[PDB]
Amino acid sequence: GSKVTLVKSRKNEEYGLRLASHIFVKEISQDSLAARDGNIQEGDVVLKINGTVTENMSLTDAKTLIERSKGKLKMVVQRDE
(Lines of atoms letter the chains of each structure in order from A and count residues from 1; the text may use other names and numbers.)
(Lines give C-alpha, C1' and ligand atoms only; values in the text may rest on other atoms or scores of the structure.)
Protein backbone atom coordinates (compact mmCIF):
# COMPACT_ATOMS: atom_id res chain seq x y z
CA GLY A 1 0.00 0.00 0.00
CA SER A 2 2.00 2.92 1.30
CA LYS A 3 4.02 1.18 4.09
CA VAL A 4 6.92 -1.09 3.10
CA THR A 5 9.43 -2.89 5.32
CA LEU A 6 12.49 -4.66 3.85
CA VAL A 7 14.65 -6.70 6.16
CA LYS A 8 18.01 -8.42 5.55
CA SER A 9 18.77 -11.94 6.82
CA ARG A 10 22.54 -11.61 6.33
CA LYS A 11 25.11 -8.83 6.27
CA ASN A 12 25.92 -7.54 2.76
CA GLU A 13 22.69 -8.80 1.32
CA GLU A 14 21.46 -5.81 -0.71
CA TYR A 15 17.98 -4.25 -0.48
CA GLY A 16 17.87 -4.12 -4.29
CA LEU A 17 16.90 -0.42 -4.41
CA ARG A 18 18.61 2.28 -6.42
CA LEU A 19 17.42 5.75 -5.43
CA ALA A 20 17.49 9.01 -7.36
CA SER A 21 16.11 12.49 -6.90
CA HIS A 22 13.97 14.74 -9.12
CA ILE A 23 13.31 18.46 -8.97
CA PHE A 24 9.61 19.32 -9.34
CA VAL A 25 7.26 22.28 -9.36
CA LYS A 26 5.54 22.51 -5.96
CA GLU A 27 3.72 25.77 -6.58
CA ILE A 28 3.17 28.32 -9.34
CA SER A 29 2.45 31.84 -8.10
CA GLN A 30 -0.45 33.87 -9.34
CA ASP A 31 0.49 36.73 -11.76
CA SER A 32 3.79 35.13 -12.64
CA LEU A 33 5.44 34.29 -15.96
CA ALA A 34 4.86 30.63 -15.24
CA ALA A 35 1.14 31.24 -14.56
CA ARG A 36 0.72 33.13 -17.84
CA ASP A 37 2.67 30.71 -19.98
CA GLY A 38 0.52 27.74 -18.95
CA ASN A 39 2.87 25.05 -20.34
CA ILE A 40 4.13 24.08 -16.90
CA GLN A 41 1.88 22.94 -14.03
CA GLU A 42 2.24 22.17 -10.32
CA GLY A 43 3.66 18.61 -9.94
CA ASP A 44 5.70 18.72 -13.15
CA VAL A 45 9.19 17.18 -12.90
CA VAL A 46 11.90 19.50 -14.18
CA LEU A 47 14.45 17.58 -16.21
CA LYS A 48 16.73 20.45 -17.36
CA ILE A 49 17.21 24.13 -16.40
CA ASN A 50 19.04 26.24 -19.03
CA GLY A 51 20.76 23.21 -20.47
CA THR A 52 21.78 21.62 -17.15
CA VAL A 53 20.26 18.23 -16.26
CA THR A 54 18.65 18.25 -12.81
CA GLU A 55 18.39 14.56 -12.00
CA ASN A 56 20.13 13.97 -8.65
CA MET A 57 20.72 17.66 -8.23
CA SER A 58 20.21 19.17 -4.81
CA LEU A 59 17.24 21.54 -4.49
CA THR A 60 19.51 24.40 -3.45
CA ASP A 61 21.61 23.77 -6.56
CA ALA A 62 18.47 23.83 -8.78
CA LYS A 63 17.34 27.09 -7.17
CA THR A 64 20.80 28.53 -7.90
CA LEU A 65 20.30 27.81 -11.65
CA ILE A 66 17.11 29.82 -11.62
CA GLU A 67 18.73 32.68 -9.66
CA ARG A 68 21.59 32.82 -12.21
CA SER A 69 19.32 32.72 -15.31
CA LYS A 70 19.58 36.42 -16.25
CA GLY A 71 15.88 36.75 -17.10
CA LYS A 72 15.69 33.90 -19.63
CA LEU A 73 14.68 30.47 -18.25
CA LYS A 74 14.57 27.47 -20.64
CA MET A 75 13.25 24.31 -18.97
CA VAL A 76 12.57 20.72 -20.05
CA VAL A 77 9.64 19.12 -18.23
CA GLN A 78 9.22 15.32 -18.01
CA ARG A 79 6.56 13.80 -20.22
CA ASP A 80 5.43 10.16 -19.94
CA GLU A 81 3.54 10.59 -23.21
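The first residue of the sequence shown is number 1, and the count goes up from there.
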Chain thirds of CA B-factor: placement of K8: lowest
CA B-factor ranking of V46, expressed as a third of its chain: middle
Record-listed C-alpha B factor of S69: chain third: highest
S32 CA temperature factor, ranked by third within the chain: middle
